[PDB]
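The structure appears right after this line, and notes come after that.
Below, chain A is the first sequence line, B the second, and so on; all start at residue 1. Any value given below was found using the heavy atoms of this structure, including those in side chains, with hydrogens, waters and symmetry copies removed.
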Protein chains: 2
Amino acid sequence: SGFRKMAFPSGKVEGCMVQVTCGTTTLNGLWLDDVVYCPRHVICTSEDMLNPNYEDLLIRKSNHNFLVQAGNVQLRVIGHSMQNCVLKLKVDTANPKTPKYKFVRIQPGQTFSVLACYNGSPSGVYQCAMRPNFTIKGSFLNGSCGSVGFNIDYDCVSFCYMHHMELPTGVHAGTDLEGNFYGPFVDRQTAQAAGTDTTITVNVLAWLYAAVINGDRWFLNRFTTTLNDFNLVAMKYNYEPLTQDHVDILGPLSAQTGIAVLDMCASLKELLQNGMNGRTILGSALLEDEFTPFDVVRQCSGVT
Amino acid sequence: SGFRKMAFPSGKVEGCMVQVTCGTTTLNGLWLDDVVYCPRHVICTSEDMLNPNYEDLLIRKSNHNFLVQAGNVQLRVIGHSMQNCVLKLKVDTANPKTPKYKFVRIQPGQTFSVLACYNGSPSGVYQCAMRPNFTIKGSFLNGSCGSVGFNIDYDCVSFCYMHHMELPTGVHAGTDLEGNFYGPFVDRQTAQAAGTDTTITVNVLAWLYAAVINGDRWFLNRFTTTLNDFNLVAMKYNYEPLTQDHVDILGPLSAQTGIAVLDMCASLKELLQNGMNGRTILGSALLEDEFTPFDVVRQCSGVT
Ligand SMILES: CN1CCN(C(=O)Cc2c[nH]c3ncccc23)CC1
Ligand SMILES: CN1CCN(C(=O)Cc2c[nH]c3ncccc23)CC1
């Protein structure tokens with residue numbers, strides 16, 4: 001019993017973190033096999049950051065300009081390339097701690113763990129969601145760039161995020177491990193505004209199910225709704241529309257609790273309309289949207 | 001920028017987790033040097049759990065009755081002893097992944113990371129606080145016993161908690177690594193009620209400072225208070241009393257923000273009296289009390 005914002009165990013990823021220095025800038029890199037992945041803005045001066053031409057800046061850089069340190073031992077760089085917004089530094093040594101891994105590009109609403117790192121050393125781990133506006137609400141200070149987001153399936157680390165920048169609103173933007181930004185963001189020091197940060201409705205419903213499973217049931221009501229009726233209310237409250245694909249994904253939680261998805265939607269509808277009236281659900285005074293239905297089943301079943 | 005409930009990187013602890021089986025019960029153990037630490041209730045049948053005499057039950061157990069598996073390799077048990085509520089199984093092999101470590105008994109209000117484990121395998125990591133009633137609000141299912149709470153200082157893991165049981169209210173009780181329960185709890189399947197779960201005032205104030213540092217300032221007011229005046233209000237709201245030791249610990253956050261501790265107390269006083277009025281602080285609709293002043297400085301400074 002109990003329900004916590006839970007991160008994946010970070011050890012498999014800790015074993016991949018290194019320090020990358022180009023000139024006076026140090027940030028983090030991800031060492032998998034004989035490649036080190038890092039944000040391309042490592043090559044930029046503060047001046048360059050305002051309006052960088054990365055291809056032109058990169059011409060001035062050689063393998064020996066990329067200093068890669070794994071613990072307190074230097075790796076030899078034997079190649080470099082730019083893929084979208086990441087640099088791939090080929091090193092002469094395969095990371096001996098390379099886990100089974102994939103690179104995945106996640107959808108908005110998907111959660112992942114972040115291993116916040118500075119100078120290639122882990123500082124902490126927390127759980128994030130890719131927001132519907134393709135930002136993440138992380139905890140990142142200068143030097144945290146190259147920190148990675150990931151999910152784990154038994155022994156396979158799926159890398160989904162690499163940290164690149166903070167927007168002037170203090171929300172975070174980054175890439176997949178192919179170097180493609182989530183959302184419309186660019187690695188340039190220019191004011192970039194985020195769109196509407198809507199609530200991840202299917203995740204809220206997952207968390208309401210988690211609440212029921214954990215004995216927090218006060219919000220269960222006598223009502224039902226329809227997807228169309230629910231969605232009118234969702235749109236009014238800047239909630240993402242619910243689709244039958246969302247209802248399908250909530251099936252196992254529906255079956256475990258015996259609460260029809262549309263009934264739980266009607267409960268959610270009343271919470272939106274009435275608020276919490278000073279009550280809490282799983283120790284929260286707001287509706288939590290950074291647990292996926294998969295997250296709730298995993299936590300509630302004890303997958304390792 | 002941004003402020004997250006952040007756990008320590010768990011890799012150093014992942015390397016210590018093993019599976020302990022006695023008869024038909026499997027739970028987790030902590031392998032440090034040539035000792036495996038686990039809850040003594042591993043020796044109990046369901047029947048035994050109702051009113052166990054652990055010394056008498058342990059007489060019936062030999063070294064070869066304790067099955068210790070590290071990954072998928074069995075460890076040879078060459079000794080066993082009971083220290084308070086934990087068993088110490090001496091094995092013939094030092095854990096090669098043993099980190100620098102200490103055993104510490106934490107105070108109520110102190111935070112720690114939990115590596116939730118099942119069958120000696122990590123499932124996830126989250127941040128907890130020792131509640132003033134000596135419970136923790138964890139996320140633990142059957143098989144999670146022997147999971148450990150810890151803090152890390154650079155390269156030294158301080159182990160502070162080992163999970164033993166859930167109370168009928170679904171809150172959690174456990175021991176330090178000398179086997180002494182936090183609070184009045186006993187490892188027996190008998191109804192045990194928790195006392196008042198008061199709010200950790202110094203932690204709320206730490207988190208308000210964290211909010212100011214991160215640009216959430218709407219709650220800063222024109223008022224000040226005194227420790228005695230604040231404490232009258234604290235007691236009314238089931239907040240822990242604030243002492244000058246708490247004010248001392250908040251000094252660095254006071255200095256960083258230029259907000260006198262007693263001014264922040266007066267802000268907190270108004271939040272208690274007025275509530276949040278549907279507003280949030282660091283994405284929370286309630287006052288968060290599971291960040292210590294040390295946690296806030298660490299996260300806000302990027303210690304690795
Ligand atoms: C292209 N350019 C954009 C601006 N940059 C950052 O925002 C880096 C960064 C990521 N998280 C942070 N948190 C606090 C302060 C700075 C950062 C550098 C790269
Ligand atoms: C002395 N006896 C007391 C009762 N026990 C537990 O509560 C073990 C336990 C710890 N977390 C849990 N979460 C869910 C279900 C069970 C547990 C066994 C030991």
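Geometrically, B/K5 does not engage A/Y126 in a cation-pi contact defined by less than 6.0 Å to the ring centre and at most 45° from the axis.
When heavy atoms are compared at a cutoff of 4.5 Å, A/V125 approaches chain B by way of both its backbone and its side chain. When heavy atoms are compared at a cutoff of 4.5 Å, B/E288 does not approach chain A at all. For a residue to count as touching a neighbouring chain, one of its non-hydrogen atoms must lie under 4.5 Å from one of that chain's; by this rule B/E166 touches chain A with the side chain only. In this structure, chain A has heavy atoms under 4.5 Å from both the backbone and the side chain of B/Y118. Neither the backbone nor the side chain of B/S144 comes within contact range of chain A; no heavy atom of the residue lies under 4.5 Å from a heavy atom of that chain. No part of A/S113 comes within reach of chain B, as not one of its non-hydrogen atoms sits under 4.5 angstrom from that chain. For chain A, the nearby part of B/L115 is the side chain; its heavy atoms alone come within less than 4.5 Å.
Closest of all the heavy-atom pairs between A/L30 and A/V148 is CD2-CG1, 3.9 Å.
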- Query: Do B/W207 and B/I281 pass the side-chain contact (heavy atoms from CB on, under 4.5 Å) test, and can you show the C-alpha distance, the side-chain angles, and the key distance before you say yes or no?
  - Reply: CA-CA 9 Å; B/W207 170 84; B/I281 301 166; 3.6 Å; yes
- From CA spacing to verdict: ring-ring contact (aromatic ring centres under 6.0 Å, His included), B/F291, B/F3: CA-CA 10 Å; B/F291 301 97; B/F3 201 80; 4.7 Å; yes
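Aromatic pair B/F8/B/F112: centroids not less than 6.0 angstrom apart.
A/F219 places none of its side-chain heavy atoms less than 4.5 Å from the side chain of A/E270. The shortest distance between side-chain heavy atoms of A/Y182 and A/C160 falls below 4.5 Å.
Annotation: maximal heavy-atom pairing with chain B below 4.5 Å, among A/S123, A/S121, A/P9, occurs at A/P9. The candidate from A/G124, A/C300, A/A116 with the greatest count of non-hydrogen atom pairs under 4.5 Å with chain B is A/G124. Among B/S301, B/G143, B/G215, B/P122, the residue making the largest number of heavy-atom pairs under 4.5 Å with chain A is B/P122. Contacts with chain A were tallied for B/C128, B/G283, B/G170, B/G138; B/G138 has the most, counting heavy-atom pairs under 4.5 Å. When each of A/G11, A/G302, A/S139 is checked for heavy-atom pairs under 4.5 Å with chain B, A/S139 comes out on top. When each of B/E14, B/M276, B/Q127 is scored by its heavy-atom pairs under 4.5 Å with chain A, the top score falls to B/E14.
Note on B/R131 versus B/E290: salt bridge recorded, some NZ/NE/NH1/NH2 to OD/OE distance being below 4.0 Å. Salt-bridge annotation for A/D155 and A/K12: absent, with no side-chain N of the basic residue lying under 4.0 Å from a carboxylate O of the acidic one.
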